[PDB]
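Asks: Would you be able to build a 3D model of this:
(chains A, B and C)
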Amino acid sequence: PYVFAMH
Amino acid sequence: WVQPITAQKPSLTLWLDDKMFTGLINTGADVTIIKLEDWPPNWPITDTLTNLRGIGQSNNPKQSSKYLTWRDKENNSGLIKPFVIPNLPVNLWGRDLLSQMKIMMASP
Amino acid sequence: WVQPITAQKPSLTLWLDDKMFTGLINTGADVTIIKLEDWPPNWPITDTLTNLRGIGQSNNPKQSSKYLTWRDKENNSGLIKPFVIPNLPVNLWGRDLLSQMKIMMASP
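Replies: Numbers count the residues shown, from 1 in each chain, chains lettered A, B, ... in the order given. Sure, the structure comes next:
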């Protein structure tokens, strides 16, 4: 699955 | 309810089974992730063979052994099985959960 | 417009300066990310001090040297300075962009 919380 | 998208973190507080959690509404996440630091030690977790992909990759993350009943402040409810991962800054509400809450995104 | 949140990737197609891009609506990040493979080679990028926090790993992105004019299909517009990173599967529309489009999240 894909998980985009970078900033 | 209605929540505008701003520079601040869009946040949501819910019960999973009998415990309250706050998390970030993340339309970018396929699945929901709970911080290991917040995970009740008596709640069972299990191995998975899946891979979480984004900026890098987390292989075979743990996952809740049981489905959890989510409940919001209006007593809407459903089932979710989050992954449980250390070193996460915030819990992440993913589309597996958000899709059960019947959330729309709209513009004026 | 209105778009439900489902298990499928919430997507949005828009223009940045003169080029059309499709991306994933990502409320989890306050910044926008364009994949390096989609970045026009003649558009300048620069090193940054920002760290994008990933899944147990942090990447140091380049960023657009210039602000870009975004424009949607309804001719709303504004400005963003996206980051540019390789090896990402999709472009990611962050809350910096989503807030300028005045997108709301709503539930019954």
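Asks: So what's the residue count around the residue of chain B found nearest chain C?
Replies: As assessed by CB to the nearest CB, chain C sits closest to residue B:55 within chain B, at 2.9 Å. Backbone N, C-alpha and C define where each C-beta goes, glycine included. Other residues within reach of residue B:55, judged by other CB atoms under 10 Å in any protein chain shown, total 22.
Asks: That one is in contact with residue C:56, isn't it?
Replies: No - assessed by CB atoms under 8 Å, residue B:55 is found out of contact with residue C:56, at 9.6 Å.
Asks: how about the residues of chain B near chain A?
Replies: B:24, B:26-31, B:33, B:50-55, B:88-90, B:92, B:94 (CB under 8 Å from any CB of the partner chain).
Asks: now these: which count as buried?
Replies: Among the residues of chain B next to chain A, those scoring as buried are B:24, B:26-31, B:33, B:52-55, B:88, B:90, B:92, B:94 (criterion: 16 or more other CB atoms under 10 Å in any protein chain shown).
Asks: Show only the entries of those residues found in strands.
Replies: B:24, B:33, B:52, B:53, B:54, B:92 (DSSP state E).
Asks: ok, the residues you listed vs residue C:18, which is closest?
Replies: residue B:54 (29.0 Å; CB to CB).
Asks: nearest to residue B:73, of the buried ones among the residues of chain B next to chain A?
Replies: For those, the nearest to residue B:73 is residue B:24 (17.4 Å; CB to CB).
Asks: Residues in a beta bridge with that closest one, which ones?
Replies: residue B:11, residue B:92 (DSSP bridges).
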